[PDB]
Ligand SMILES: Nc1nc2c(ncn2[C@@H]2O[C@H](COP(=O)(O)OP(=O)(O)OP(=O)(O)O)[C@@H](O)[C@H]2O)c(=O)[nH]1
Ligand SMILES: Nc1ncnc2c1ncn2[C@@H]1O[C@H](COP(=O)(O)OP(=O)(O)CP(=O)(O)O)[C@@H](O)[C@H]1O
Ligand SMILES: Nc1nc2c(ncn2[C@@H]2O[C@H](COP(=O)(O)OP(=O)(O)O)[C@@H](O)[C@H]2O)c(=O)[nH]1
Ligand SMILES: COC(=O)Nc1nc2cc(C(=O)c3cccs3)ccc2[nH]1
Ligand SMILES: [Mg+2]
Ligand SMILES: [Mg+2]
Ligand SMILES: [Mg+2]
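Protein chains in written order, with the numbering used here: chain V, 1 to 54; chain H, 55 to 398; chain G, 399 to 821; chain Y, 822 to 1260.
See the structure below:
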């Protein structure tokens, strides 16, 4: 039961008690994903418009 | 109407509980994967405790205590007894035991041998039994015990073998006592008033630990290898009334005084010890569980705990009463509809 | 601003649509002249969803009235709230559709559809942020069925990213005008399978049974049937029109109700079904799940609910509402699919409808709706096997193959429901 | 002094953020108009509260916050609310059409069209910081915006602020207070995409907050207003160390250092006590021992789970009010002998303790009673994996039938993203099991 690193100020205090010792994607890659999803939306809409044109 | 699911088809006990629940006209059985249940009769292994108690508006109850395995595994029980101050390594009702991992895998090898050598030098009886969770070896030589465990792959326990057991007469035969104990959602501890002695039908032979038929009392071992099976009692099962009458006629004492007081003490010690770790008092779901305690009795009428079974079966002629009791104390107490136990 | 554009087509569509606007106009405090006279600012908070504001605090329904003959819209314009609609939004021809899907969809309707889209475009262009469209029509006639589904197809071409919901009256031989209703309905159902996000299936037989068996009306009229539809449409649109716990637009509502794109045909219900004894929450909840309160003439016990929504209206206990819904689900535990967790949702709105202290509206997405399509398919086949009454359709340019395909399409729909009923 | 920028995404994030900043103003003596009489350095200063508030030459203290939602109705209540004068229009960003509870709509369809505007508004705030620590991000798991746009924003923040820390406060979905059914999809999708971009995430299960509100505040049917006031108290307990003088958790980096030794396992469990009904005539004030013991009751946790059946990697105790170290040590020693508190073998069995003498502030006319001392425990326990298991199982039930999947594919998402996200969660559940369970 050791208390270590005790710090005190006017607002409070802090300390540590030890009970026992031990034993990214780039901007370019994000844009490609966003544009690939947008292109799939465009393809799916184009297919719908083709279906309605028939 | 109350709803429940069945997830262990191999349970004789809860197959009967399931039967009784339907026959009340107020319980409906759902498919095993339906989450909108009131009562789960769960599987023995990997029960999904983390998914219980998250269905809005449903009070959910399960027939197993999460964490009770600590008591119902042989190596786990040894460690619990040694490392729990409530029980301690000086525990007087549990045979001296040591956990031994096979060399091909902490371990207590050198601690066992240290005590083994102390017994040999002191002329004291030095018979031990190795077992785990067939698979049993009784020997008076440490070399044969440690070599048997290494050939295996799972953790084993070496335990002092009760060389001086109480022997029923006639027959000069060994036995063990099974007690059924129900712990409800409030952690009341209920001991079923009816126990059973799993008797051996072969005379006890201290000079031959090789033939494991008068030394091992398991019902399966007696049915397959014992040529006197059923000789003295039906199915090698003696019940308390007869056993009590025997203790009076032969030893001038009662089952309550000579044995049951110690049994109740042991059951209460074990279950009170683990209560803070498994209690569901303030949990979002609630548990109950049926336990099977196995006891040995030595010739001084001292009772020893052998093991605790977390998924026990019942004696054929006791299923009706005990299963109804489970419904009354464990289920209907939480889901009321529209004593056979001793409260410890 | 979550505007909705309303369209009503044909005789049934315009008669049920007119009642819908009378009901919600009363709820929002709008009188037959389009002037507000309510007592609560709750009535104006979402008035813009269905009404446009004109000069002088005048509210004009965002409604387009369509027909191929002038008769029914002359009745609307002379009705109670007839003067509330924008005169420019009456679009009608003179020839009629003769209860003929082909006339509504391919010949007479084709000649009028462009002028309807012109009005739709004008209403949409003045929307801050269009939620989507709703259409009222029957499937058994010619204009609502044939021209209504033609309109839906042309709206999807022009507004492909907008929700399209329909209140669709299904024909029944017990409440029938002509024998060709199964042909018209089978042709229309396939259009709806492809081009709507929600279709409320309102079976005229169910409406009749409710009026006769439950409301004790010896001789129900179309007016009595339409009072049930009007009340149901008010409840279904309640969370769009009044502030509450739900702030969902049409798309969010559909996302959480439609797990598969073709299975968007809903069984609606209402309680209380028309007295001075207000209902308790237990009674509301039991009746709204009762088959007798359903309007699709399908037994829910014959299928499984994929999703359910229920909205409660009035001053009542949320806790008791929650408690009763739990009670109904355990009694029907076998009738909810297990692979859509938490698939029964409820909402409450403080404002009750007119003449009631509390009510509940039920929206069920149930595979039992396949019974409705099976009925139609059977009646279709009984005539089509003999090619009976087909000359009315081939005379307008259709050929038998298009009937064969419509039949196959609806038998596929039925099969798709049976698949998920056994999942 | 190093600044922190708060970002509130979607309805849940915006309404919780509104509750937090109200509470911050009450804690620091800042009036709704932004004026702060106790700040004697007009138009400037590098006090601790300045990590969250900038200052204008006129003496107004402005939150370092951005609110983002894809429809305007929730943010409009900030613009016209009690604290409208606190924020300026550049901080409040609204679209026209929301994500309809569709992750794919918030991340791909709408996210692509608004992400650059949101980064420009954030850049404006960052240009006003001398030493930006990083970001605090508030959002729901279940909303289409809270899930989908948050994960896009987190990815871009890693790009534009590589060295800055990012912490999350995430609302985990509870059916009791939700009318959606696709939330398990949205939760797994956003967790998968955000896991590598978040340094420390505090999950709050609405089920836990709902039941605390019913059980301890005697609210029969809690509303979002009730829930958010309680959540904002817990959030404030967690962020107080950044806004007041002190030596524990004084910068965002310290949260990870103190609570997250394993980068993927960065979801600490929060527990808070006491929660007392203001309607209660008078309540006997709880002692340090009693509120500390309450930190080990599942009934007080922000996520319902059983820490007795997991292992601890770290534990921080954050006290506010009349608390002195001696009583904390006495309470801890007692609890060690009565509670099941198992640490992993590769970590010290210990507690980092922080005490702020100012007792909890409560919103006047709220549901919470004023107390003389309170505590929030932050513990990284493997038991929180139960919450992932629940979510993953609901995901599996629906995905086996592909229920609702067409809504996501329709917005340009590929089906493979579902299985990829679910496999990441499966690996996460395995990480927790390796860390916390013995054979
Ligand atoms: N605690 C709390 N949870 C909320 C609040 N608002 C919404 N939620 C929860 O958040 C989830 C719904 O997501 P929202 O935040 O409303 O959705 P969104 O982020 O605005 O995204 P959209 O789909 O575009 O509307 C559900 O689980 C709600 O219970 C709130 O104010 N407080
Ligand atoms: N330490 C010991 N001393 C004496 N006999 C012992 C013993 N340990 C075990 N036995 C005997 O061996 C038999 C089987 O032991 P054990 O209880 O390990 O088997 P088991 O796990 O199959 C019992 P159950 O079938 O109820 O689970 C017991 O019936 C007992 O008679
Ligand atoms: N419920 C209801 N059904 C109607 C009404 N009018 C017609 N129907 C039904 O609608 C079908 C006839 O279609 P109808 O709308 O009259 O033809 P249309 O003008 O060409 O669209 C038949 O099934 C009728 O039973 C009505 O006012 N209410
Ligand atoms: C014009 O079309 C509609 O009004 N569609 C619609 N209204 C709905 C209302 C609900 C509804 O009231 C509830 C949703 C969740 C709980 S009650 C659900 C789905 C709906 N679809
Ligand atoms: Mg055993
Ligand atoms: Mg007609
Ligand atoms: Mg939203």
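No residue lacks a Cβ here, since even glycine has one placed at the ideal position from N, Cα and C.
Which term fits residue i, buried or exposed, when burial requires 16 or more other beta carbons within 10 angstroms of its beta carbon?
| i | result |
| --- | --- |
| residue 509 (chain G) | exposed |
| residue 53 (chain V) | exposed |
| residue 767 (chain G) | buried |
| residue 9 (chain V) | exposed |
| residue 1018 (chain Y) | buried |
| residue 403 (chain G) | buried |
| residue 1236 (chain Y) | exposed |
| residue 743 (chain G) | buried |
| residue 158 (chain H) | exposed |
| residue 1105 (chain Y) | exposed |
| residue 1 (chain V) | exposed |
| residue 1168 (chain Y) | buried |
| residue 1147 (chain Y) | exposed |
| residue 43 (chain V) | exposed |
| residue 87 (chain H) | exposed |
| residue 988 (chain Y) | buried |
How big is the Cα-Cα spacing for residue i and residue j?
| i | j | result |
| --- | --- | --- |
| residue 1132 (chain Y) | residue 1156 (chain Y) | 16 Å |
| residue 346 (chain H) | residue 363 (chain H) | 5 Å |
| residue 803 (chain Y) | residue 716 (chain G) | Outside the modelled stretch of chain Y, which goes from 822 to 1260, sits residue 803 (chain Y), for which no answer is possible. |
| residue 945 (chain Y) | residue 399 (chain G) | 29 Å |
| residue 561 (chain G) | residue 532 (chain G) | 8 Å |
| residue 258 (chain H) | residue 181 (chain H) | 15 Å |
| residue 323 (chain H) | residue 140 (chain H) | 8 Å |
Less than 8 Å between the CB atoms is what I'm expecting for residue i and residue j, so what's the real figure, rounded?
| i | j | result |
| --- | --- | --- |
| residue 624 (chain G) | residue 417 (chain G) | 5 Å |
| residue 920 (chain Y) | residue 891 (chain Y) | 6 Å |
| residue 1024 (chain Y) | residue 1124 (chain Y) | 6 Å |
| residue 1097 (chain Y) | residue 1192 (chain Y) | 6 Å |
| residue 1056 (chain Y) | residue 1201 (chain Y) | Not confirmed; about 18 Å, so no contact. |
| residue 835 (chain Y) | residue 914 (chain Y) | Wrong, their Cβ atoms sit about 10 Å apart, outside the cutoff. |
| residue 1095 (chain Y) | residue 1112 (chain Y) | 6 Å |
| residue 966 (chain Y) | residue 1186 (chain Y) | Going by Cβ atoms, the distance from residue 966 (chain Y) to residue 1186 (chain Y) rounds to 30 Å, so no, they are not a contact pair. |
What residues from chain Y crowd round residue i, counting only those whose CB sits closer than 9 Å?
| i | result |
| --- | --- |
| residue 48 (chain V) | Within 9 Å Cβ-Cβ: nothing; residue 48 (chain V) doesn't reach chain Y, min ~10 Å. |
For residue i, return the contacting residues in chain H, with the cut-off set at a CB-CB distance below 8 Å.
| i | result |
| --- | --- |
| residue 1100 (chain Y) | Ordered by position in chain H, no residue passes the 8 Å Cβ test against residue 1100 (chain Y), which lies about 23 Å from the chain. |
Residues of chain G with CB closer than 9 Å to the CB of residue i, please, in chain order.
| i | result |
| --- | --- |
| residue 923 (chain Y) | 649, 650 and 653 |
| residue 372 (chain H) | Ordered by position in chain G, no residue passes the 9 Å Cβ test against residue 372 (chain H), which lies about 33 Å from the chain. |
| residue 1218 (chain Y) | 736, 737, 738 and 739 |
Taking Cβ-Cβ distances shorter than 9 Å, what residues in chain H pair up with residue i?
| i | result |
| --- | --- |
| residue 996 (chain Y) | 108, 109 and 110 |
So residue i contacts chain Y; which residues on that side make the cut at Cβ distance below 7 Å?
| i | result |
| --- | --- |
| residue 740 (chain G) | 996 and 1002 |
| residue 645 (chain G) | 894 |
Going along chain G in order, which residues have a C-beta closer than 8 Å to the C-beta of residue i?
| i | result |
| --- | --- |
| residue 1227 (chain Y) | 658 and 659 |
Using a cut-off of 7 Å between C-beta atoms, extract the partners of residue i located in chain G.
| i | result |
| --- | --- |
| residue 45 (chain V) | 558 |
Find the residues of chain V that neighbour residue i, judging by a C-beta separation of less than 8 Å, and give them in chain order.
| i | result |
| --- | --- |
| residue 1176 (chain Y) | 12, 13 and 14 |
Identify the contact partners of residue i in chain V, using a Cβ-Cβ distance below 9 Å as the criterion.
| i | result |
| --- | --- |
| residue 554 (chain G) | 48 and 52 |
Does the pairing of the stretch 722-733 of chain G with the stretch 601-610 of chain G give three or more beta-carbon distances under 8 Å?
no
Would the stretch 485-504 of chain G and the stretch 367-377 of chain H be scored as touching if the rule is three or more Cβ pairs under 8 Å?
no
With three or more beta-carbon pairs closer than 8 Å as the criterion, would you say the stretch 650-662 of chain G touches the stretch 680-691 of chain G?
no
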